[PDB]
>>> print(open('protein_0.cif').read())   # mmCIF, C-alpha atoms
data_coords
loop_
_atom_site.group_PDB
_atom_site.id
_atom_site.type_symbol
_atom_site.label_atom_id
_atom_site.label_comp_id
_atom_site.auth_asym_id
_atom_site.auth_seq_id
_atom_site.Cartn_x
_atom_site.Cartn_y
_atom_site.Cartn_z
ATOM 1 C CA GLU I 1 123.837 117.578 53.997
ATOM 2 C CA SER I 2 123.514 121.317 53.241
ATOM 3 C CA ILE I 3 120.914 124.103 53.652
ATOM 4 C CA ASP I 4 119.074 126.148 50.986
ATOM 5 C CA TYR I 5 120.413 129.399 52.433
ATOM 6 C CA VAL I 6 118.537 131.823 50.154
ATOM 7 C CA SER I 7 115.097 130.469 51.104
ATOM 8 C CA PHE I 8 116.006 130.508 54.820
ATOM 9 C CA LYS I 9 117.164 134.139 54.544
ATOM 10 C CA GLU I 10 114.034 135.233 52.647
ATOM 11 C CA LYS I 11 111.625 133.568 55.099
ATOM 12 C CA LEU I 12 113.302 135.083 58.137
ATOM 13 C CA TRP I 13 113.530 138.643 56.769
ATOM 14 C CA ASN I 14 109.934 138.797 55.509
ATOM 15 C CA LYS I 15 108.278 137.008 58.455
ATOM 16 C CA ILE I 16 110.332 138.322 61.402
ATOM 17 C CA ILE I 17 111.486 141.824 60.509
ATOM 18 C CA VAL I 18 109.133 143.320 57.914
ATOM 19 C CA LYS I 19 105.891 141.422 58.624
ATOM 20 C CA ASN I 20 103.565 143.679 56.611
ATOM 21 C CA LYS I 21 104.746 147.244 57.420
ATOM 22 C CA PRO I 22 107.158 149.367 55.323
ATOM 23 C CA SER I 23 107.834 151.531 58.378
ATOM 24 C CA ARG I 24 109.361 148.534 60.216
ATOM 25 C CA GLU I 25 111.861 147.856 57.397
ATOM 26 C CA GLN I 26 112.828 151.531 57.115
ATOM 27 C CA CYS I 27 113.344 151.827 60.894
ATOM 28 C CA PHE I 28 115.520 148.711 61.125
ATOM 29 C CA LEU I 29 117.757 149.666 58.202
ATOM 30 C CA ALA I 30 118.338 153.148 59.636
ATOM 31 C CA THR I 31 119.160 151.787 63.109
ATOM 32 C CA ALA I 32 121.774 149.310 61.856
ATOM 33 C CA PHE I 33 123.513 151.873 59.661
ATOM 34 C CA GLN I 34 123.619 154.438 62.488
ATOM 35 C CA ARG I 35 125.425 151.940 64.737
ATOM 36 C CA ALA I 36 127.935 151.109 62.008
ATOM 37 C CA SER I 37 128.521 154.776 61.107
ATOM 38 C CA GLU I 38 128.959 156.242 64.592
ATOM 39 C CA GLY I 39 130.907 153.293 66.030
ATOM 40 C CA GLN I 40 128.379 152.912 68.859
ATOM 41 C CA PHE I 41 126.622 150.002 70.567
ATOM 42 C CA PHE I 42 123.794 152.167 72.010
ATOM 43 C CA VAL I 43 121.969 154.698 69.784
ATOM 44 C CA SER I 44 118.886 156.963 69.681
ATOM 45 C CA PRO I 45 117.190 156.419 66.283
ATOM 46 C CA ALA I 46 114.886 158.968 64.611
ATOM 47 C CA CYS I 47 112.058 156.496 63.954
ATOM 48 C CA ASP I 48 108.312 156.860 63.598
ATOM 49 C CA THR I 49 106.588 157.381 66.884
ATOM 50 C CA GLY I 50 105.871 153.806 67.990
ATOM 51 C CA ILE I 51 107.954 151.407 65.930
ATOM 52 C CA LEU I 52 110.919 150.870 68.288
ATOM 53 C CA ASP I 53 108.526 149.824 71.057
ATOM 54 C CA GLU I 54 106.955 147.286 68.681
ATOM 55 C CA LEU I 55 110.404 145.958 67.746
ATOM 56 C CA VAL I 56 111.379 145.761 71.434
ATOM 57 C CA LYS I 57 108.242 143.752 72.226
ATOM 58 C CA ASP I 58 109.175 141.437 69.316
ATOM 59 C CA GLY I 59 112.627 140.958 70.851
ATOM 60 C CA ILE I 60 114.609 142.105 67.806
ATOM 61 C CA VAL I 61 115.766 145.408 69.342
ATOM 62 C CA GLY I 62 116.863 145.819 72.959
ATOM 63 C CA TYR I 63 116.603 148.815 75.301
ATOM 64 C CA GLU I 64 118.647 150.142 78.210
ATOM 65 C CA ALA I 65 118.917 153.612 79.767
ATOM 66 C CA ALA I 66 121.863 154.402 77.478
ATOM 67 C CA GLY I 67 119.841 153.714 74.313
ATOM 68 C CA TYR I 68 118.693 151.033 71.866
ATOM 69 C CA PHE I 69 120.719 148.133 70.430
ATOM 70 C CA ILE I 70 120.271 145.127 68.103
ATOM 71 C CA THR I 71 120.003 141.656 69.648
ATOM 72 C CA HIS I 72 121.453 139.235 67.028
ATOM 73 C CA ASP I 73 124.534 139.839 64.834
ATOM 74 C CA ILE I 74 123.258 137.978 61.734
ATOM 75 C CA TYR I 75 120.373 140.438 61.266
ATOM 76 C CA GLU I 76 122.762 143.409 61.467
ATOM 77 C CA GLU I 77 124.916 141.983 58.654
ATOM 78 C CA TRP I 78 121.824 141.372 56.507
ATOM 79 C CA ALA I 79 120.638 144.967 57.130
ATOM 80 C CA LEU I 80 123.910 146.508 55.945
ATOM 81 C CA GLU I 81 123.904 144.393 52.774
ATOM 82 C CA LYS I 82 120.387 145.586 51.860
ATOM 83 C CA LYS I 83 121.430 149.204 52.543
ATOM 84 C CA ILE I 84 124.309 148.826 50.068
ATOM 85 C CA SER I 85 121.884 147.443 47.462
ATOM 86 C CA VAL I 86 119.632 150.504 47.843
ATOM 87 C CA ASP I 87 122.528 152.978 47.561
ATOM 88 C CA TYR I 88 123.614 151.119 44.404
ATOM 89 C CA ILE I 89 120.132 151.436 42.884
ATOM 90 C CA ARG I 90 119.937 155.178 43.638
ATOM 91 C CA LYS I 91 123.459 156.354 42.661
ATOM 92 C CA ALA I 92 124.349 158.899 39.970
ATOM 93 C CA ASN I 93 127.912 157.625 39.432
ATOM 94 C CA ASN I 94 130.326 155.168 41.044
ATOM 95 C CA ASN I 95 132.347 157.804 42.916
ATOM 96 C CA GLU I 96 129.134 159.175 44.470
ATOM 97 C CA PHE I 97 128.240 155.609 45.545
ATOM 98 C CA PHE I 98 131.561 155.063 47.331
ATOM 99 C CA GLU I 99 131.198 158.510 48.926
ATOM 100 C CA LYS I 100 127.641 157.701 50.061
ATOM 101 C CA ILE I 101 128.267 154.414 51.850
ATOM 102 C CA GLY I 102 131.171 155.546 54.044
ATOM 103 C CA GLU I 103 134.390 153.711 54.840
ATOM 104 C CA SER I 104 134.114 151.947 58.217
ATOM 105 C CA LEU I 105 135.106 148.282 58.593
ATOM 106 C CA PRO I 106 131.564 146.757 58.994
ATOM 107 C CA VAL I 107 130.575 148.392 55.692
ATOM 108 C CA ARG I 108 133.674 146.974 53.961
ATOM 109 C CA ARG I 109 132.766 143.447 55.071
ATOM 110 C CA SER I 110 129.186 144.004 53.886
ATOM 111 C CA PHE I 111 130.393 145.178 50.451
ATOM 112 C CA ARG I 112 132.591 142.092 50.098
ATOM 113 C CA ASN I 113 129.648 139.787 50.921
ATOM 114 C CA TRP I 114 127.411 141.641 48.444
ATOM 115 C CA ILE I 115 129.902 141.319 45.567
ATOM 116 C CA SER I 116 130.415 137.612 46.280
ATOM 117 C CA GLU I 117 126.670 136.968 46.158
ATOM 118 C CA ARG I 118 126.203 138.848 42.858
ATOM 119 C CA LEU I 119 129.025 136.752 41.375
ATOM 120 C CA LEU I 120 127.455 133.456 42.557
ATOM 121 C CA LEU I 121 124.055 134.345 41.091
ATOM 122 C CA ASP I 122 125.683 135.179 37.671
ATOM 123 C CA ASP I 123 124.285 138.747 37.449
ATOM 124 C CA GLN I 124 126.088 140.014 34.333
ATOM 125 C CA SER I 125 125.498 143.669 35.309
ATOM 126 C CA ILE I 126 128.303 143.305 37.863
ATOM 127 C CA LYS I 127 130.941 142.691 35.147
ATOM 128 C CA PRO I 128 130.858 146.279 33.751
ATOM 129 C CA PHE I 129 130.848 147.567 37.336
ATOM 130 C CA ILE I 130 133.900 145.465 38.182
ATOM 131 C CA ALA I 131 135.673 146.516 34.954
ATOM 132 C CA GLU I 132 134.938 150.189 35.676
ATOM 133 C CA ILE I 133 136.431 149.816 39.165
ATOM 134 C CA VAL I 134 139.541 147.853 38.112
ATOM 135 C CA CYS I 135 140.305 150.242 35.258
ATOM 136 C CA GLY I 136 139.187 153.473 36.958
ATOM 137 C CA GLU I 137 140.912 156.309 38.799
ATOM 138 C CA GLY I 138 140.089 158.397 41.868
ATOM 139 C CA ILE I 139 138.726 155.399 43.752
ATOM 140 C CA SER I 140 140.652 154.644 46.933
ATOM 141 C CA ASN I 141 142.764 151.499 46.713
ATOM 142 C CA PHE I 142 141.195 149.592 49.633
ATOM 143 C CA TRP I 143 137.929 149.219 47.698
ATOM 144 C CA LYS I 144 139.907 147.527 44.900
ATOM 145 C CA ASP I 145 141.525 145.231 47.482
ATOM 146 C CA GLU I 146 138.132 144.198 48.908
ATOM 147 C CA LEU I 147 136.949 143.459 45.347
ATOM 148 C CA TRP I 148 139.997 141.327 44.554
ATOM 149 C CA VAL I 149 139.599 139.375 47.808
ATOM 150 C CA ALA I 150 136.000 138.655 46.765
ATOM 151 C CA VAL I 151 137.206 137.430 43.359
ATOM 152 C CA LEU I 152 140.038 135.294 44.772
ATOM 153 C CA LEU I 153 137.615 133.597 47.165
ATOM 154 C CA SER I 154 135.006 132.947 44.444
ATOM 155 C CA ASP I 155 134.818 129.739 42.390
ATOM 156 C CA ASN I 156 134.724 131.955 39.245
ATOM 157 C CA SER I 157 138.263 133.200 39.870
ATOM 158 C CA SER I 158 140.044 131.816 36.787
ATOM 159 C CA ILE I 159 137.771 133.706 34.355
ATOM 160 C CA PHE I 160 139.048 137.107 35.485
ATOM 161 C CA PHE I 161 142.670 136.224 34.736
ATOM 162 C CA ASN I 162 141.658 135.518 31.128
ATOM 163 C CA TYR I 163 139.928 138.919 30.872
ATOM 164 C CA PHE I 164 142.609 141.101 32.506
ATOM 165 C CA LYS I 165 145.777 139.384 31.138
ATOM 166 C CA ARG I 166 147.462 142.441 29.603
ATOM 167 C CA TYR I 167 146.622 144.546 32.679
ATOM 168 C CA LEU I 168 148.167 141.943 34.971
ATOM 169 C CA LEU I 169 151.326 141.501 32.907
ATOM 170 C CA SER I 170 152.265 144.818 31.361
ATOM 171 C CA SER I 171 152.161 147.347 34.244
ATOM 172 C CA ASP I 172 155.415 146.079 35.845
ATOM 173 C CA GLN I 173 153.360 143.198 37.377
ATOM 174 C CA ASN I 174 152.369 145.591 40.201
ATOM 175 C CA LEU I 175 148.797 144.299 40.569
ATOM 176 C CA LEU I 176 150.000 140.688 40.357
ATOM 177 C CA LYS I 177 152.323 141.352 43.320
ATOM 178 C CA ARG I 178 149.437 142.858 45.348
ATOM 179 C CA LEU I 179 147.431 139.717 44.533
ATOM 180 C CA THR I 180 150.067 137.526 46.149
ATOM 181 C CA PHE I 181 150.027 139.740 49.292
ATOM 182 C CA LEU I 182 146.222 139.618 49.615
ATOM 183 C CA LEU I 183 146.248 135.868 48.928
ATOM 184 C CA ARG I 184 148.709 135.141 51.713
ATOM 185 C CA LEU I 185 146.972 137.433 54.212
ATOM 186 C CA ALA I 186 143.235 136.913 53.715
ATOM 187 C CA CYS I 187 142.697 133.616 51.891
ATOM 188 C CA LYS I 188 143.637 131.110 54.645
ATOM 189 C CA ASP I 189 141.826 128.957 57.235
ATOM 190 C CA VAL I 190 142.593 127.075 60.489
ATOM 191 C CA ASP I 191 143.596 123.368 60.177
ATOM 192 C CA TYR I 192 141.652 121.810 63.068
ATOM 193 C CA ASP I 193 142.400 118.310 61.712
ATOM 194 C CA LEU I 194 146.150 118.872 62.163
ATOM 195 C CA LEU I 195 145.501 120.317 65.642
ATOM 196 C CA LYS I 196 143.505 117.172 66.498
ATOM 197 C CA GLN I 197 146.368 114.989 65.282
ATOM 198 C CA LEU I 198 148.776 117.046 67.425
ATOM 199 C CA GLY I 199 146.512 116.604 70.468
ATOM 200 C CA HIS W 1 137.561 166.730 20.422
ATOM 201 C CA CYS W 2 137.786 166.243 16.636
ATOM 202 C CA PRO W 3 134.185 166.599 15.310
ATOM 203 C CA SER W 4 134.947 163.894 12.737
ATOM 204 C CA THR W 5 135.034 161.447 15.672
ATOM 205 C CA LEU W 6 131.477 162.279 16.774
ATOM 206 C CA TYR W 7 130.237 162.027 13.181
ATOM 207 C CA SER W 8 131.934 158.664 12.652
ATOM 208 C CA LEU W 9 130.608 157.094 15.858
ATOM 209 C CA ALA W 10 127.052 158.320 15.242
ATOM 210 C CA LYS W 11 127.081 156.935 11.700
ATOM 211 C CA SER W 12 128.641 153.607 12.705
ATOM 212 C CA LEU W 13 126.389 152.819 15.684
ATOM 213 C CA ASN W 14 123.339 153.229 13.433
ATOM 214 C CA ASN W 15 124.255 150.391 11.060
ATOM 215 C CA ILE W 16 127.523 148.404 10.964
ATOM 216 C CA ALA W 17 128.347 148.668 14.671
ATOM 217 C CA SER W 18 124.704 148.381 15.804
ATOM 218 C CA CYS W 19 125.495 145.529 18.200
ATOM 219 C CA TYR W 20 127.139 147.991 20.668
ATOM 220 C CA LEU W 21 124.213 150.478 20.982
ATOM 221 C CA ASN W 22 123.754 150.250 24.781
ATOM 222 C CA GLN W 23 127.445 151.101 25.298
ATOM 223 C CA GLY W 24 127.455 153.685 22.509
ATOM 224 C CA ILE W 25 125.052 155.865 24.472
ATOM 225 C CA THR W 26 127.718 156.084 27.213
ATOM 226 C CA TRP W 27 130.498 156.906 24.738
ATOM 227 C CA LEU W 28 128.475 159.693 23.060
ATOM 228 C CA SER W 29 127.189 161.164 26.345
ATOM 229 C CA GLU W 30 130.783 161.323 27.621
ATOM 230 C CA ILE W 31 132.087 163.043 24.465
ATOM 231 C CA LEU W 32 129.355 165.676 24.546
ATOM 232 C CA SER W 33 129.594 166.352 28.296
ATOM 233 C CA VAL W 34 133.385 166.805 28.451
ATOM 234 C CA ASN W 35 134.249 168.605 25.167
ATOM 235 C CA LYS W 36 132.273 171.828 25.629
ATOM 236 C CA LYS W 37 133.466 173.500 22.406
ATOM 237 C CA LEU W 38 131.550 170.933 20.301
ATOM 238 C CA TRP W 39 128.430 172.867 21.342
ATOM 239 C CA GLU W 40 129.716 175.914 19.394
ATOM 240 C CA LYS W 41 131.777 174.509 16.482
ATOM 241 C CA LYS W 42 130.377 173.728 13.035
ATOM 242 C CA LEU W 43 129.314 170.095 12.601
ATOM 243 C CA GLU W 44 129.604 167.689 9.687
ATOM 244 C CA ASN W 45 126.513 167.092 7.553
ATOM 245 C CA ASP W 46 123.874 164.603 8.825
ATOM 246 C CA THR W 47 125.414 164.419 12.340
ATOM 247 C CA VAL W 48 122.173 165.555 13.993
ATOM 248 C CA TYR W 49 120.116 163.160 11.843
ATOM 249 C CA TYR W 50 122.100 160.107 12.966
ATOM 250 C CA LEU W 51 121.938 161.179 16.629
ATOM 251 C CA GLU W 52 118.147 161.509 16.375
ATOM 252 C CA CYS W 53 117.934 157.954 15.001
ATOM 253 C CA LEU W 54 120.163 156.470 17.734
ATOM 254 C CA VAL W 55 118.442 158.030 20.737
ATOM 255 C CA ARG W 56 114.969 157.326 19.358
ATOM 256 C CA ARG W 57 115.867 153.661 18.749
ATOM 257 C CA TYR W 58 117.341 153.230 22.259
ATOM 258 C CA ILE W 59 114.376 154.692 24.193
ATOM 259 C CA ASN W 60 111.973 152.422 22.285
ATOM 260 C CA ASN W 61 113.755 149.385 23.791
ATOM 261 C CA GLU W 62 114.846 150.616 27.229
ATOM 262 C CA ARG W 63 111.911 152.784 28.420
ATOM 263 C CA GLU W 64 111.182 151.125 31.778
ATOM 264 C CA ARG W 65 114.853 150.829 32.767
ATOM 265 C CA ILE W 66 115.455 154.494 31.919
ATOM 266 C CA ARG W 67 112.472 155.589 34.034
ATOM 267 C CA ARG W 68 113.548 153.406 36.996
ATOM 268 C CA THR W 69 117.321 154.219 36.976
ATOM 269 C CA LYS W 70 118.843 157.676 37.579
ATOM 270 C CA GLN W 71 122.197 157.210 35.798
ATOM 271 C CA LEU W 72 120.673 156.029 32.506
ATOM 272 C CA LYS W 73 118.234 158.950 32.493
ATOM 273 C CA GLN W 74 121.018 161.497 33.036
ATOM 274 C CA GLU W 75 123.160 159.926 30.285
ATOM 275 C CA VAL W 76 120.277 160.075 27.791
ATOM 276 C CA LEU W 77 119.261 163.628 28.709
ATOM 277 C CA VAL W 78 122.770 164.877 27.765
ATOM 278 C CA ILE W 79 122.164 163.852 24.146
ATOM 279 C CA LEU W 80 118.594 165.190 24.133
ATOM 280 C CA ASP W 81 119.466 168.667 25.383
ATOM 281 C CA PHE W 82 122.251 168.841 22.791
ATOM 282 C CA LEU W 83 119.645 168.023 20.101
ATOM 283 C CA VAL W 84 117.167 170.591 21.469
ATOM 284 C CA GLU W 85 119.956 173.202 21.557
ATOM 285 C CA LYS W 86 120.391 172.595 17.815
ATOM 286 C CA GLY W 87 116.621 172.948 17.313
ATOM 287 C CA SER W 88 115.515 169.335 16.838
ATOM 288 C CA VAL W 89 111.770 168.767 17.036
ATOM 289 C CA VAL W 90 112.359 165.017 17.467
ATOM 290 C CA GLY W 91 114.658 165.669 20.447
ATOM 291 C CA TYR W 92 112.102 167.985 22.063
ATOM 292 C CA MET W 93 109.213 165.522 21.753
ATOM 293 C CA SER W 94 111.470 162.735 23.049
ATOM 294 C CA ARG W 95 112.183 164.696 26.243
ATOM 295 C CA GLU W 96 108.456 165.321 26.736
ATOM 296 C CA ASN W 97 107.917 161.553 26.413
ATOM 297 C CA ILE W 98 110.720 160.566 28.845
ATOM 298 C CA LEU W 99 109.639 162.965 31.619
#
>>> encode(input="protein_0.cif", output="structure tokens")
Amino acid sequence: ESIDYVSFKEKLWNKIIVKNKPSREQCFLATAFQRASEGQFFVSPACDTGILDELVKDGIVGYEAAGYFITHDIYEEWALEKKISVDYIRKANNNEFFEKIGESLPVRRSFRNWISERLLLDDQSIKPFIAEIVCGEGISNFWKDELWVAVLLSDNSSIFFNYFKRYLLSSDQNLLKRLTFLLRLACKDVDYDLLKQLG
Amino acid sequence: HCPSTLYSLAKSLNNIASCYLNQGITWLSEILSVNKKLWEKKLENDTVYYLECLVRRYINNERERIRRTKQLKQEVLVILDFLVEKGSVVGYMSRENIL
């Protein structure tokens, strides 16, 4: 009564989008990020000279006189998450990484998904990265809020309170107060059972 | 900024604090890249010797990851150019290996 989501995701990316060409994967990643960066539904990508026509014949990308667009939403989310992984592999320092990926709302959602998945798969390299962010300076506060929402939604959540105890308590409980605000705003869900019982 | 600090860390990471080596490279690279006057002041005895040992031990373990990852390579090259500035043959040959 559940699906093996990782295997489903891997099969669909490799068999539908990449097939066997690197140029397909590069074109699709650039198209999705251009939409999310410009705030545009229709765009004109700078692809290699025949790849968009091949992706239109496959039915992944659509065309209209105003430009090209992406057909399904799930593939656009997956593209932005892979783009964040690449910018993480290639960065010189954390501040350069946060400058590279931009600040628009689709990217913020993609970052939150990416953190949550690294936590589930127990990749220990994320723990220094998290500690650097939580202790660091110069990083804009909304990145820290997205990180704490990812932690508060994760099953691992209790571990981080054991690690950061003195930081939570001593600094006038300021972070602990922000945690209650984020908890009441983001970490809630609709009670369709109670709606059914009310008719 | 006190040169005694750099000496103490380099000596400690080589034996009694050896279990922190991967993080020690970050601490040393930071100290050398921010406190520019350490490049001109007189050092304590054996400081260069201990730094040679640390960097040479690290690269022997971490070679592939250093080649494949920009940040690690930059952090290591800060210690190596400091050693080459002081005339270390071991530092020079280590750069020619890493590149």
>>> closest_atom_pairs(input="protein_0.cif", of="chain W", to="chain I", cutoff="9 Å", atoms="all atoms listed in the file", output="tab-separated table")
residue	atom	partner	partner_atom	distance
W:69	CA	I:89	CA	7.1
W:70	CA	I:92	CA	6.1
W:71	CA	I:92	CA	5.0
W:72	CA	I:92	CA	8.8
W:74	CA	I:92	CA	8.1
>>> write_last_selection(input="protein_0.cif", atoms="C-alpha atoms", output="tab-separated table (two decimals), keeping the file's coordinate frame")
chain	number	residue	atom	x	y	z
W	69	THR	CA	117.32	154.22	36.98
W	70	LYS	CA	118.84	157.68	37.58
W	71	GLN	CA	122.20	157.21	35.80
W	72	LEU	CA	120.67	156.03	32.51
W	74	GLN	CA	121.02	161.50	33.04
>>> closest_residue(input="protein_0.cif", among="W:83, W:98, W:4, W:77", to="residue W:52", atoms="all atoms listed in the file")
W:83
>>> residues_around(input="protein_0.cif", residues="residue I:106", least_positions_apart="6", cutoff="12 Å", atoms="only C-alpha atoms", output="list in words")
residues 32, 33, 34, 35, 36, 37, 38, 39, 73, 76, 77, 78, 79, 80, 81, 84, 112 and 113 of chain I
>>> atom_distance(input="protein_0.cif", atom1="atom CA of residue I:60", atom2="atom CA of residue I:121")
29.4 Å
>>> axis_aligned_box(input="protein_0.cif", around="stretch 40-49 of chain W", padding_each_side="3 Å", output="JSON")
{"center_x": 125.9, "center_y": 169.5, "center_z": 13.5, "size_x": 17.7, "size_y": 18.8, "size_z": 17.8}
>>> resolve_selection(input="protein_0.cif", expression="the PyMOL selection byres ((chain W and resi 19-32) around 9)", output="PyMOL selection string")
chain W and resi 1+6+9-10+13-18+33-36+38-39+54-55+58+72+75-79+82
>>> residues_around(input="protein_0.cif", residues="residue I:25", least_positions_apart="6", cutoff="12 Å", atoms="all atoms listed in the file", output="PyMOL selection string")
chain I and resi 13-19+31-32+47-48+51-52+55+75+78-79+82-83
>>> atom_distance(input="protein_0.cif", atom1="atom CA of residue I:41", atom2="atom CA of residue I:69")
6.2 Å
>>> residues_around(input="protein_0.cif", residues="residue I:131", least_positions_apart="5", cutoff="12 Å", atoms="all atoms listed in the file", output="VMD selection string")
chain I and resid 94 124 to 126 136 to 137 144 147 to 148 160 163 to 164 167
>>> atom_distance(input="protein_0.cif", atom1="atom CA of residue I:120", atom2="atom CA of residue I:161")
17.3 Å
>>> closest_residue(input="protein_0.cif", among="I:134, I:180, I:3, I:30", to="residue I:152", atoms="all atoms listed in the file")
I:180
>>> closest_residue(input="protein_0.cif", among="I:166, I:122, I:54, I:141", to="residue I:21", atoms="all atoms listed in the file")
I:54
>>> residues_around(input="protein_0.cif", residues="residue I:66", least_positions_apart="5", cutoff="9 Å", atoms="only C-alpha atoms", output="list in words")
residues 42, 43 and 44 of chain I
